[PDB]
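Trainee: This is the structure I want to talk about, given as structure tokens.
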Amino acid sequence: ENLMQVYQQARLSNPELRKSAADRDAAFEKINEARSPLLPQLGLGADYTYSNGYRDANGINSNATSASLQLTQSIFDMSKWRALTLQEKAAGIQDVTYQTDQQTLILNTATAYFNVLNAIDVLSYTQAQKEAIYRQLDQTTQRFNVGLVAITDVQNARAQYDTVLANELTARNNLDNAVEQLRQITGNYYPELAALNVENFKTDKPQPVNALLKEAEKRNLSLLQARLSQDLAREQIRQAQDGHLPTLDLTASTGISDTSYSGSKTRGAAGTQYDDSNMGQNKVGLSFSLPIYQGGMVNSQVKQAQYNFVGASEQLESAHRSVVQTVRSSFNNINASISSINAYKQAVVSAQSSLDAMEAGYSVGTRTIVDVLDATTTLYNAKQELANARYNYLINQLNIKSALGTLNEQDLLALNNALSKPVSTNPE
Amino acid sequence: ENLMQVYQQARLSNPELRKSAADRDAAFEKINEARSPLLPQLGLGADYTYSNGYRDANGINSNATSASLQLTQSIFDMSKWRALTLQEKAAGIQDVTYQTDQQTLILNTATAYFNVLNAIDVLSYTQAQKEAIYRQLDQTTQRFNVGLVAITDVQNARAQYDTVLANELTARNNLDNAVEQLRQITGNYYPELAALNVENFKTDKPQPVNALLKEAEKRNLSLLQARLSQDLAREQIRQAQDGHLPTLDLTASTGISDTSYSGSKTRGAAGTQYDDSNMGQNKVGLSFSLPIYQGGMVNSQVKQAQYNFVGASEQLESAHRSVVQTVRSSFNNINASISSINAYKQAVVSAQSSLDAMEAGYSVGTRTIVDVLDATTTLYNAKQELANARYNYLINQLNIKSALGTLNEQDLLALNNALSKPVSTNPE
Amino acid sequence: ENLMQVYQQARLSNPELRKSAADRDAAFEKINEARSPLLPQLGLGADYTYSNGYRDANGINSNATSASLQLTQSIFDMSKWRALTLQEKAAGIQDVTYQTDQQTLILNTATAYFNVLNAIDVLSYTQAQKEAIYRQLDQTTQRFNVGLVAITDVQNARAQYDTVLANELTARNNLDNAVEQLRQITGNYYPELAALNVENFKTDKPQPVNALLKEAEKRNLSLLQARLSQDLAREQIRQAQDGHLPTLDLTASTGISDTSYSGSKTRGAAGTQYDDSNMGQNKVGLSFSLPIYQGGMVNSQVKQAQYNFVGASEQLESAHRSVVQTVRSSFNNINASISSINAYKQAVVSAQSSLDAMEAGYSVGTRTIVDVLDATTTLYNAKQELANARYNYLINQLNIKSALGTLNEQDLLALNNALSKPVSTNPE
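Just so you know, the protein sequences line up as chains P, B and L, in that order.
The opening position of the first sequence corresponds to residue 588 in my numbering, with each subsequent residue numbered one higher.
The opening position of the second sequence corresponds to residue 588 in my numbering, with each subsequent residue numbered one higher.
The opening position of the third sequence corresponds to residue 588 in my numbering, with each subsequent residue numbered one higher.
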């Protein structure tokens, strides 16, 4: 029930990634659609007709029946090739989005895993605080019923106890919600999860900022998709100028049609003009066409494409600045986490001394049990904060590496050494 | 004047809900234009033409004229029926989003209503604090004048007085802004509103979570949207496959023509071939075709449709998970509110006791008037907390009913029974 | 260096505003595309064909070789003019959004400047705090060595000293992040920024509320875009109606061809029908159309336009009420800022008095030096708070200027007169 076992199932259960995979497959398969028009196309054309002339052509009756096939093959029209180029670039963009989604899945699973354990720690602290506050109430009540204290003190103690009970209920609810959050990502209810092995924690140091900047510029996902968009805009510009290009097609058709002639006027002195015929047709030919003026429409589409391209370039520059600032922020965040870890470590070192000193006084008889319980609660506070700091450090390490774009699953030794014995998630 | 009346006015004065209704009307009307391509499509034409083509015929004049009608009526094609069905599904989707907008309107009205009472309470207690701090400053300045304290202590009192003045100004501004934001929903200014009846407030217990989950599965609007979208994807898959089947059409026409010539040379021994004519015809017939080979166009559409279908399935799974999570979170917020109510009740009792002790002590002469003012302020704030807790409980009950998918004016009515005390929205 | 220079550079460097300008330009270019169809058209259709008779119809052959130009020009169609009107409306919309973008840029530049200044002040305050805590730790350690306290006191002192070390590190990280986030807008590194001079700080009272609302309802941007949107919806209603109106167009052309034949079986009983011929055609004429019984294809298209228009009218009402609430809220915010500034000045004076008292006591020998350092820290905290309040006041005045719809660069020119003294961002 460590992070690796939870993420392996999350990979094959998460619908957010599955939708991304479906989108990528739709984008890829669509290319075959755009290559279809270039190939030849066949069709059938049977039909029927009936006519009845009037006005001058009075008393003329006729009926017709025909059926034929068609086949058109485009010889030279680059309009269809530019569609293929644009569609392959679209496929590239979709694949980049898929990579981004994969990294997101990893990060979200890790975050939920740590949130559960944080909830458990705060719950333990709240239980200790409740016990201390209850002992205080018992002491005050006994004093009052023997004297030495007014009723207002009793009511104040009751208020504090009710407040700690409310906090305990809130903590239980939060522990359930986080588990429910862990079931919403992975898709399974986990009763037991491993925790941090405190005795083997690593406060590593990060690389210089400039090296991270270079790696980011080289292999970041956002700016890569932005570059794909810029290339797509250039290709669209190339597609705009395709209008002036002439086009030609090669079409061939064949079919039969047997038409007979009748009528009182037709019969008699026909002269061979109205005799029936049973010829066929095997037409084959070409076709060529080219626009001359077109009122400058294409000369306007060309400028629209150029403006779109410059807009895309500005977008790319914005994305570049964004990635730079993000990498700097992540580096600073890691350093801040290191410093906070040191501070909390010293803080817990100090609180241990006081809880140790309160215990000895009770052993000899200078203090009371209430002091010991209060010191225990404070130390539990020093314990819950330190664990939170450690988890934040780990998540920030993952965050910087994700900004580099270089993490999919190489966080195998990163967390394997950070695991320990199972800890229950919903004790009863 | 009160909650029910405000909701009644907003039900017909709110522009967002009316825009939703307009969208519903647009969706339903769309069914008409999907039907239209089934009925006959009558038409009219009329065209004149002059021609002197003389590659070999120089001096020949031949004008032309025509005017005819048209009728077309499709017999067999499933490209139109699929469109009808898909438009019907879109209409259903629009209806569901309209219902969601209704529930959103109810929630927004309730929240805006309760914020005003919160502001009133805050304002009253801030004024009490201002009075207490002013009395403190008066005492300190008198004491400094008499020669018992240093100038440094006067500055502290003046600073505290200025701080409370600023807090009171902020409270008044927040009350004004909360009044304005409620007008942004109804379009009216409310001088007074009804307040909660403390002695007629109920504390119920929520139903078991399993029954809530069952009801949510039955009647959750987002899940209805998801299922309808998936059905719309399946029907679209059926539509794509129907691009294979053939089509049948029927056409008819009738018109006239003149095609009159002129010229002395044409007349005379023309053989009757070049004479003017006034022919007319009433041709009618059918038209049939069946595709044979279209390339990947036929093939690719089906695969793309199936990919979209699996995407819709993933989206539906996401909807299911989200619904379950939201139901549980609301169910737990309810109990959290109950516990907080208990705690704040105890706090109010404690503050009452402290105030009474202070008042008796001042009556017998053991305390100054300044001490009494502070206890009154502490009690007054304790009613800020308890008031803001009950409103949270009511809002949370409204939310949980919304998630269950059964939030109607009937549910909102049950709250108004506890609001039976008018109060001004602008003291003095 | 100064605010004016920073804005001057950001105006001509920022990529988002340049993208807005590019989008405006590309939108004004669509007007040309709208008119183009009205102007004439010209094309070519040269081609070739080869027939063949079979099934008892062999021996008959033909050869087609065609070439002809075509001119088409529409003389009456109201649908095209609707497109031009719609395009003009789109151009207006683009201009409006460009103006909004400029105003947003001004706001962001001012915000970044003041954020950097606030970071500098906070860094100074935290440095003073660190000095004070270090001296306190030294005192406690010396006392323990001399034998007046226990180890727990030293542990607490070390914890307190460790905490300030984390806070100092975080302040530098925030300062660097602010510098980078300013570079993201401007595009340059700024070692120094002009600082606020307190000798000439303005706290002018603002104008009444109703006057501001009336002026805003005239030259605001969001409601102007809403009005243009409703107008284009009406222009969209007009476009729909013109689908059932007749139209005319003109056609012209010319072409030649050669139609010689060859073959052995063709000879025999030709009867002049199998003779080679060359011919041309120069048809020119007008045309007309008018639809009837279309199954209400465009009839039901009109109802969709009207519902859309009422939706647009509803959105405009929403925009109106939103502007109302926004301007009122901004006014209240200005007033709150004034009050807060007064409070912070009083606090600063009180802290100064306390520091003077503490310093005099130390000079006469009744106080240690830890007290002096603590007083200094409190004074620096007060100074930081006051500076933040002043910056927020300036930002709020700019914000209300923006909400009014009258924000430019000359308005910001006045604020430059409040910034005199350069201050280093990262002093050595």
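Quick reminder that beta carbons are idealized off the backbone N, C-alpha and C, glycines included.
Could you tell me whether the segment 667–687 of chain B touches the segment 638–650 of chain B, using the rule of 3 or more Cβ pairs below 8 Å?
Mentor: no
Trainee: By the 7 Å beta-carbon criterion, what residues does the segment 871–884 of chain B contribute toward chain P?
Mentor: If the cut-off is 7 Å between Cβ atoms, the segment 871–884 of chain B has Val-871, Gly-872, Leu-873, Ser-874, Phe-875, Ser-876, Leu-877, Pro-878, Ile-879, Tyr-880, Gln-881, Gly-882, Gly-883 and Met-884 near chain P.
Trainee: Quick one: grab the DSSP three-state call for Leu-724(L).
Mentor: helix
Trainee: For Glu-779(L), list the residues DSSP reports as bridge partners.
Mentor: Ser-1011(L)
Trainee: For a contact defined as C-beta to C-beta under 8 Å, what are the partners of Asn-760(L) on chain P?
Mentor: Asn-919, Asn-920, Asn-922 and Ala-923
Trainee: DSSP on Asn-650(P), reduced to helix/strand/coil?
Mentor: strand
Trainee: Counting only the same chain and skipping the five closest in sequence on each side, list residues whose C-beta sits under 6 Å from that of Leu-590(B).
Mentor: Only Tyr-700, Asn-1003 and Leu-1006 meet the Cβ criterion.
Trainee: Should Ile-720(L) go down as buried or exposed, given a rule of 16 or more other Cβ atoms within 10 Å for buried?
Mentor: Burial call: buried.
Trainee: Rank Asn-619(L), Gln-984(L), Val-959(L) and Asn-648(L) by C-alpha distance to the C-alpha of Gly-850(L) and give the top, closest one.
Mentor: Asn-648(L)
Trainee: What number of angstroms, rounded off, separates the C-alpha of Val-683(P) from the C-alpha of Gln-794(L)?
Mentor: 54 Å
Trainee: My parser needs the beta strand (DSSP E) runs of 3 or more residues fully inside the segment 680–742 of chain P; what are they?
Mentor: none
Trainee: Please confirm if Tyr-712(P) has its CB atom under 8 Å from at least one CB of chain B.
Mentor: no
Trainee: In terms of residues, what are the limits of the beta strand (DSSP E) holding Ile-843(B)?
Mentor: Unbroken beta strand (DSSP E) run through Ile-843(B): 834–844.
Trainee: Using a Cβ-Cβ cut-off of 6 Å (strictly less than) and excluding sequence neighbours within five positions of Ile-693(P), which residues of its own chain qualify?
Mentor: Same-chain partners within the cutoff: there are none.
Trainee: Consider the Cβ of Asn-865(L): report whether some Cβ of chain B lies at a distance smaller than 8 Å.
Mentor: yes
Trainee: If you check the beta carbons only, do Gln-690(P) and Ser-905(P) fall under 8 Å apart?
Mentor: no
Trainee: Given that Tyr-641(L) touches chain B, what residues does it touch there, using C-beta distances under 8 Å?
Mentor: Identification of chain B residues near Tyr-641(L) by a Cβ-Cβ cut-off of 8 Å yields none; the smallest Cβ-Cβ distance measures about 22 Å.
Trainee: Please list, in chain order, the chain L residues whose beta carbon lies closer than 9 Å to that of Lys-617(B).
Mentor: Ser-887 and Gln-891
Trainee: Of the choices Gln-997(L), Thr-1012(L), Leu-981(L) and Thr-993(L), whose alpha-carbon is the least far from that of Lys-789(L)?
Mentor: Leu-981(L)
Trainee: May I ask you to report which of helix, strand or coil DSSP gives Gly-867(L)?
Mentor: strand
Trainee: Check whether the segment 721–735 of chain P touches the segment 919–935 of chain B, taking contact to mean three or more Cβ pairs, one atom from each stretch, closer than 8 Å.
Mentor: no
Trainee: Please classify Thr-713(L) as buried or exposed, where buried requires at least 16 other C-beta atoms within 10 Å of its C-beta.
Mentor: buried
Trainee: Check whether the Cβ of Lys-617(P) lies closer than 7 Å to any heavy atom of the ligand GDP, and answer yes or no.
Mentor: For the structure depicted, the ligand GDP is absent and the ligand set is empty, with no information on it obtainable.
Trainee: Under 8 Å between C-beta atoms, does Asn-754(L) make it to chain A?
Mentor: Of the protein chains in the structure, P, B and L, none is chain A.
Trainee: Is there a Cβ from chain B that is less than 8 Å from the Cβ of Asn-695(P)?
Mentor: no
Trainee: Look at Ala-678(B) and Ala-614(B) and say whether their C-beta atoms are less than 8 Å apart.
Mentor: yes
Trainee: Report yes or no: is there a C-beta of chain P within less than 8 Å of the C-beta of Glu-767(B)?
Mentor: no
Trainee: Quick one: what does DSSP say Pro-878(B) is sitting in, helix, strand or coil?
Mentor: strand
Trainee: Between the alpha carbons of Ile-772(P) and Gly-898(L), how many angstroms are there, rounded?
Mentor: 39 Å
Trainee: Could you tell me which chain P residues have their CB closer than 9 Å to the CB of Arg-730(B), listed as they occur along the chain?
Mentor: Taking a Cβ-Cβ cut-off of 9 Å, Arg-730(B) has no neighbours in chain P, whose nearest Cβ is about 28 Å from it.
Trainee: Ordered along the chain, which non-local residues of its own chain (more than five positions away) have a Cβ less than 7 Å from that of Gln-817(P)?
Mentor: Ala-899, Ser-900 and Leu-903
Trainee: Count Cβ pairs between the segment 956–976 of chain P and the segment 774–782 of chain L that sit closer than 8 Å; are there 3 or more?
Mentor: no
Trainee: Run the CB neighbour count on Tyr-894(P), radius 10 Å, all protein chains shown included, and call it buried at 16 or more, exposed below.
Mentor: buried
Trainee: Just list the residues that DSSP pairs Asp-634(L) with in beta bridges.
Mentor: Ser-653(L)
Trainee: What did DSSP end up calling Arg-611(P) once you bin it into helix, strand or coil?
Mentor: helix
Trainee: Short check: CB of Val-741(P) to CB of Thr-727(P), under 8 Å?
Mentor: Against a cut-off of 8 Å, the Cβ pair of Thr-727(P) and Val-741(P) comes out as a contact.
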